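Single-structure report; data block below.
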Amino acid sequence: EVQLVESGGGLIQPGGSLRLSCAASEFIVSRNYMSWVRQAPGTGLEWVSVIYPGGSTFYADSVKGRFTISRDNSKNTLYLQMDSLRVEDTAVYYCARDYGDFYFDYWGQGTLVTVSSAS
Amino acid sequence: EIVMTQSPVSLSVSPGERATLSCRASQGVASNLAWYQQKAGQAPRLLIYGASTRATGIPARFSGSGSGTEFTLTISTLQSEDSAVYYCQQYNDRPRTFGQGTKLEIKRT
Amino acid sequence: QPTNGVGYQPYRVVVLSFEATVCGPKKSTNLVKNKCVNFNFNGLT
(Lines give C-alpha, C1' and ligand atoms only; values in the text may rest on other atoms or scores of the structure.)
Protein backbone atom coordinates (compact mmCIF):
# COMPACT_ATOMS: atom_id res chain seq x y z
CA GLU A 1 0.00 0.00 0.00
CA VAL A 2 1.62 3.20 -1.29
CA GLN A 3 -0.24 6.29 -0.08
CA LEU A 4 0.86 9.92 0.36
CA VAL A 5 -2.14 11.78 1.78
CA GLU A 6 -1.83 15.52 2.29
CA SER A 7 -3.46 18.20 4.44
CA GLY A 8 -3.08 21.75 5.71
CA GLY A 9 -4.39 23.74 2.76
CA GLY A 10 -6.72 26.69 3.07
CA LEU A 11 -7.29 30.37 2.42
CA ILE A 12 -4.89 32.77 4.15
CA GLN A 13 -4.10 36.46 3.85
CA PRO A 14 -1.06 37.56 1.82
CA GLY A 15 1.44 37.91 4.63
CA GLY A 16 -0.07 35.18 6.82
CA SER A 17 1.22 31.80 7.94
CA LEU A 18 -0.03 28.23 7.66
CA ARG A 19 1.22 24.65 8.06
CA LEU A 20 1.09 21.53 5.86
CA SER A 21 1.22 17.80 6.50
CA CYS A 22 1.91 14.72 4.36
CA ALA A 23 1.01 11.41 6.00
CA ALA A 24 2.98 8.60 4.36
CA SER A 25 2.10 4.92 4.12
CA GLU A 26 4.35 1.83 4.48
CA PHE A 27 7.68 3.73 4.21
CA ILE A 28 9.59 6.02 6.55
CA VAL A 29 9.52 9.82 6.14
CA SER A 30 12.62 10.47 8.21
CA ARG A 31 14.78 7.85 6.45
CA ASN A 32 13.69 8.10 2.77
CA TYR A 33 14.28 10.91 0.26
CA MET A 34 11.21 13.02 -0.55
CA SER A 35 10.31 16.46 -1.84
CA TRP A 36 7.69 19.21 -1.72
CA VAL A 37 6.54 20.25 -5.21
CA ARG A 38 3.98 22.82 -6.36
CA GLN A 39 1.70 23.17 -9.38
CA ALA A 40 0.00 26.43 -10.38
CA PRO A 41 -1.97 27.09 -13.59
CA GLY A 42 -0.15 29.00 -16.31
CA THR A 43 3.20 28.10 -14.77
CA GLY A 44 4.79 24.68 -15.00
CA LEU A 45 5.20 22.10 -12.28
CA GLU A 46 7.79 23.51 -9.88
CA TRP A 47 10.16 21.99 -7.34
CA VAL A 48 10.11 23.79 -3.99
CA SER A 49 12.08 21.72 -1.48
CA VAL A 50 13.70 18.33 -0.95
CA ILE A 51 14.58 16.52 2.29
CA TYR A 52 17.07 13.70 2.91
CA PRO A 53 17.54 10.92 5.49
CA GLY A 54 18.36 13.19 8.40
CA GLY A 55 20.39 15.18 5.92
CA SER A 56 19.66 18.72 4.83
CA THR A 57 16.72 20.82 3.70
CA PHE A 58 17.11 22.14 0.17
CA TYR A 59 14.87 24.96 -1.02
CA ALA A 60 14.20 26.80 -4.23
CA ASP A 61 15.95 30.14 -4.62
CA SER A 62 12.58 31.89 -4.91
CA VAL A 63 11.22 30.55 -1.60
CA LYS A 64 14.54 30.35 0.29
CA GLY A 65 14.17 31.86 3.73
CA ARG A 66 10.37 31.92 3.55
CA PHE A 67 9.24 28.30 3.70
CA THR A 68 10.57 25.93 6.31
CA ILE A 69 10.36 22.15 6.64
CA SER A 70 10.35 20.37 10.00
CA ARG A 71 9.53 16.69 9.77
CA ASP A 72 7.93 15.40 12.96
CA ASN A 73 9.04 11.93 14.02
CA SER A 74 6.07 10.49 15.88
CA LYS A 75 4.56 8.95 12.76
CA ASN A 76 5.05 8.89 8.99
CA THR A 77 4.31 12.59 8.49
CA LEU A 78 6.09 15.38 6.64
CA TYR A 79 5.30 19.04 7.33
CA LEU A 80 6.05 22.44 5.83
CA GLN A 81 5.42 25.72 7.61
CA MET A 82 4.60 28.56 5.21
CA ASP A 83 5.36 32.10 6.37
CA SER A 84 5.36 35.40 4.42
CA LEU A 85 3.31 34.03 1.55
CA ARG A 86 3.48 36.19 -1.57
CA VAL A 87 0.70 36.81 -4.08
CA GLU A 88 2.04 34.27 -6.61
CA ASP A 89 1.81 31.35 -4.16
CA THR A 90 -1.59 29.99 -5.22
CA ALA A 91 -0.74 26.36 -5.97
CA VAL A 92 -1.46 22.76 -5.14
CA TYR A 93 1.35 21.30 -3.06
CA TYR A 94 2.42 17.68 -3.48
CA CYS A 95 4.65 15.45 -1.37
CA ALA A 96 6.64 13.26 -3.75
CA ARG A 97 9.03 10.45 -2.89
CA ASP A 98 12.35 10.66 -4.76
CA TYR A 99 15.19 8.35 -5.79
CA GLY A 100 17.70 10.50 -3.94
CA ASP A 101 17.89 13.74 -5.93
CA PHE A 102 17.35 12.30 -9.40
CA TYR A 103 13.68 11.75 -10.18
CA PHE A 104 10.23 11.76 -8.58
CA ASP A 105 9.27 8.13 -7.99
CA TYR A 106 5.86 8.60 -6.34
CA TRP A 107 3.41 11.42 -5.71
CA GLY A 108 0.55 12.41 -3.44
CA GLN A 109 -2.86 13.86 -4.20
CA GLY A 110 -1.85 17.39 -3.22
CA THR A 111 -3.51 20.00 -1.07
CA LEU A 112 -4.29 23.26 -2.81
CA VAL A 113 -3.58 26.64 -1.21
CA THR A 114 -5.17 29.82 -2.55
CA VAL A 115 -3.92 33.17 -1.22
CA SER A 116 -5.84 36.32 -2.13
CA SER A 117 -7.46 39.46 -0.74
CA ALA A 118 -10.95 37.97 -0.52
CA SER A 119 -12.99 35.49 1.51
CA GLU B 1 19.46 25.79 -16.04
CA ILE B 2 17.76 23.71 -18.71
CA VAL B 3 14.62 25.61 -19.70
CA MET B 4 12.26 23.10 -21.25
CA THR B 5 10.31 23.51 -24.49
CA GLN B 6 7.74 21.18 -26.03
CA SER B 7 7.38 21.72 -29.76
CA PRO B 8 4.08 19.75 -30.25
CA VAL B 9 2.26 21.65 -27.51
CA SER B 10 -1.23 20.42 -28.52
CA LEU B 11 -1.89 17.31 -30.62
CA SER B 12 -5.29 15.83 -31.52
CA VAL B 13 -4.77 12.27 -32.78
CA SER B 14 -7.15 9.49 -33.94
CA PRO B 15 -7.78 6.51 -31.58
CA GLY B 16 -4.63 4.60 -32.49
CA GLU B 17 -2.23 6.20 -34.92
CA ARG B 18 1.24 5.82 -33.24
CA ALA B 19 1.44 9.48 -32.27
CA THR B 20 4.77 11.31 -31.88
CA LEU B 21 5.61 13.78 -29.10
CA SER B 22 8.92 15.53 -28.57
CA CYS B 23 10.94 18.06 -26.63
CA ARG B 24 14.33 19.73 -26.96
CA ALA B 25 16.80 20.26 -24.12
CA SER B 26 18.41 23.71 -24.24
CA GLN B 27 21.66 22.31 -22.81
CA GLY B 28 23.57 19.12 -23.50
CA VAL B 29 22.51 16.04 -21.54
CA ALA B 30 23.52 12.59 -22.77
CA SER B 31 20.37 10.57 -22.05
CA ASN B 32 19.34 12.27 -18.80
CA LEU B 33 15.60 12.41 -19.42
CA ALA B 34 12.46 11.05 -17.79
CA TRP B 35 8.97 11.21 -19.30
CA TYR B 36 5.94 11.95 -17.10
CA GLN B 37 2.17 11.66 -17.58
CA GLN B 38 -0.25 13.79 -15.56
CA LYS B 39 -3.90 12.81 -15.93
CA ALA B 40 -6.94 15.02 -15.25
CA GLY B 41 -6.87 15.73 -11.52
CA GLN B 42 -4.60 12.76 -10.81
CA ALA B 43 -1.06 12.00 -9.70
CA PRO B 44 1.54 12.55 -12.48
CA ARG B 45 3.11 9.15 -13.07
CA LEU B 46 6.53 8.57 -14.53
CA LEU B 47 6.52 6.86 -17.89
CA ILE B 48 10.15 6.56 -19.00
CA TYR B 49 13.36 6.90 -16.97
CA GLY B 50 16.84 7.32 -18.43
CA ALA B 51 15.15 8.09 -21.80
CA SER B 52 15.28 4.39 -22.77
CA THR B 53 13.78 2.28 -19.94
CA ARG B 54 10.15 1.64 -18.98
CA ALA B 55 9.99 1.74 -15.18
CA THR B 56 7.15 -0.39 -13.74
CA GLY B 57 4.08 -1.54 -15.67
CA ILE B 58 4.85 0.91 -18.50
CA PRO B 59 3.86 -1.01 -21.65
CA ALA B 60 5.63 -1.65 -24.95
CA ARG B 61 3.46 1.09 -26.47
CA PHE B 62 5.86 3.71 -25.11
CA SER B 63 9.05 3.70 -27.20
CA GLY B 64 10.51 7.00 -26.09
CA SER B 65 14.15 7.67 -26.89
CA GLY B 66 16.36 10.54 -27.97
CA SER B 67 19.55 12.22 -26.86
CA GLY B 68 21.51 15.43 -26.59
CA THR B 69 19.16 18.03 -27.97
CA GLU B 70 16.17 16.09 -29.34
CA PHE B 71 13.92 13.70 -27.41
CA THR B 72 10.89 11.82 -28.74
CA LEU B 73 8.13 9.76 -27.11
CA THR B 74 6.18 7.32 -29.27
CA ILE B 75 2.67 6.27 -28.23
CA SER B 76 1.39 3.27 -30.16
CA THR B 77 -2.28 2.29 -29.92
CA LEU B 78 -3.84 5.19 -27.96
CA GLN B 79 -6.51 4.20 -25.50
CA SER B 80 -8.72 7.11 -24.41
CA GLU B 81 -7.04 7.11 -20.97
CA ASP B 82 -3.84 8.42 -22.59
CA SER B 83 -5.50 11.82 -23.21
CA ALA B 84 -3.26 13.53 -20.71
CA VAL B 85 -0.30 15.86 -20.12
CA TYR B 86 3.15 14.64 -21.16
CA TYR B 87 6.18 16.12 -19.40
CA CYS B 88 9.89 15.60 -20.00
CA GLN B 89 12.41 16.30 -17.25
CA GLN B 90 16.19 16.27 -17.09
CA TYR B 91 18.42 14.68 -14.42
CA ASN B 92 21.59 16.71 -14.77
CA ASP B 93 21.04 20.34 -13.76
CA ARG B 94 20.08 21.56 -10.33
CA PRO B 95 17.44 23.11 -10.14
CA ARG B 96 15.26 20.52 -11.89
CA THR B 97 12.91 21.96 -14.51
CA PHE B 98 9.96 19.98 -15.84
CA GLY B 99 8.55 20.12 -19.34
CA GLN B 100 5.80 22.55 -20.27
CA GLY B 101 3.32 19.73 -20.88
CA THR B 102 2.01 18.08 -24.04
CA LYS B 103 -1.80 18.04 -24.15
CA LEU B 104 -2.81 14.84 -25.94
CA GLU B 105 -6.46 14.04 -26.59
CA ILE B 106 -8.37 11.52 -28.69
CA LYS B 107 -10.96 12.87 -31.13
CA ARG B 108 -14.47 11.48 -30.68
CA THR B 109 -17.77 11.65 -32.55
CA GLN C 1 31.07 10.98 -21.63
CA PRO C 2 33.90 12.86 -23.39
CA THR C 3 31.45 15.37 -24.93
CA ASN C 4 29.36 16.66 -21.99
CA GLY C 5 29.63 19.93 -20.07
CA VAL C 6 32.70 21.29 -18.33
CA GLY C 7 31.78 20.59 -14.70
CA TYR C 8 30.22 17.29 -15.77
CA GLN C 9 33.57 15.80 -16.68
CA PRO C 10 35.70 13.74 -14.26
CA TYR C 11 37.61 15.91 -11.80
CA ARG C 12 40.34 14.24 -9.76
CA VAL C 13 40.46 15.55 -6.19
CA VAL C 14 43.30 15.03 -3.73
CA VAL C 15 42.74 16.47 -0.27
CA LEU C 16 45.76 17.00 1.96
CA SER C 17 45.12 17.00 5.69
CA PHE C 18 47.72 18.05 8.24
CA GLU C 19 48.15 16.97 11.85
CA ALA C 20 56.77 16.58 13.68
CA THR C 21 58.35 14.60 10.84
CA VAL C 22 57.15 16.28 7.62
CA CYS C 23 58.15 19.88 6.88
CA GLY C 24 58.86 21.95 3.81
CA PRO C 25 62.38 22.20 2.43
CA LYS C 26 64.99 24.56 3.83
CA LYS C 27 66.85 26.71 1.32
CA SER C 28 70.62 26.75 1.79
CA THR C 29 72.38 29.79 0.44
CA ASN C 30 76.20 29.54 0.26
CA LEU C 31 79.12 29.52 2.68
CA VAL C 32 81.29 32.61 2.46
CA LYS C 33 84.44 32.32 4.49
CA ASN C 34 86.89 34.97 5.74
CA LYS C 35 84.13 37.57 6.11
CA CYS C 36 82.04 38.75 9.04
CA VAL C 37 78.69 37.15 8.20
CA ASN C 38 75.42 36.34 9.96
CA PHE C 39 75.07 32.58 9.82
CA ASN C 40 72.38 29.99 10.49
CA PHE C 41 73.90 26.50 10.42
CA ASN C 42 71.08 23.96 10.87
CA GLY C 43 69.22 26.11 13.36
CA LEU C 44 72.40 27.19 15.15
CA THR C 45 72.39 30.94 14.64
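Convention: chains lettered A, B, ... in C-alpha coordinates order; per-chain residue numbering from 1; ligands numbered from 1 as shown.
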Considering only C-alpha atoms, extract the chain B residues located within 12 Å of chain A and return them as a ChimeraX atom specification. /B:3-6,32-50,55-56,85-102
Please provide the set of residues having any atom within 10 Å of residue 31 (chain C), restricted to only C-alpha atoms, with same-chain residues fewer than 6 positions apart removed, written as a VMD selection string. chain C and resid 37 39 41
From CA of residue 69 (chain A) to CA of residue 1 (chain B) the spacing works out at 24.7 Å
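Restricting the calculation to only C-alpha atoms, the smallest distance between chain B and any of C:22, C:6, C:44, C:13 is found for C:6.
Between CA of residue 60 (chain B) and CA of residue 107 (chain B) there is a distance of 22.9 Å.
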Just how far from CA of residue 39 (chain A) is CA of residue 13 (chain B), in Å to one decimal?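 Distance between the two atoms: 26.6 Å.
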At a cut-off of 10 Å, list the chain C residues touching chain B, using only C-alpha atoms, as a VMD selection string. chain C and resid 1 3 to 5 8
Using the chain letters and numbers from this document, which residues of region 4-116 of chain A does DSSP assign to strand (DSSP E or B), as number ranges by chain? A: 4-7, 12, 17-24, 34-39, 45-51, 57-59, 67-68, 73, 75-83, 91-98, 104-106, 111-113, 115
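With only C-alpha atoms as the atoms that count, the minimum distance from residue 55 (chain A) to the choices A:87, A:33, A:3, A:41 is reached by A:33.
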Given only C-alpha atoms as the counted atoms, nearest of A:64, A:98, A:23, A:35 to residue 83 (chain A):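 Closest residue, counting only C-alpha atoms: A:64.
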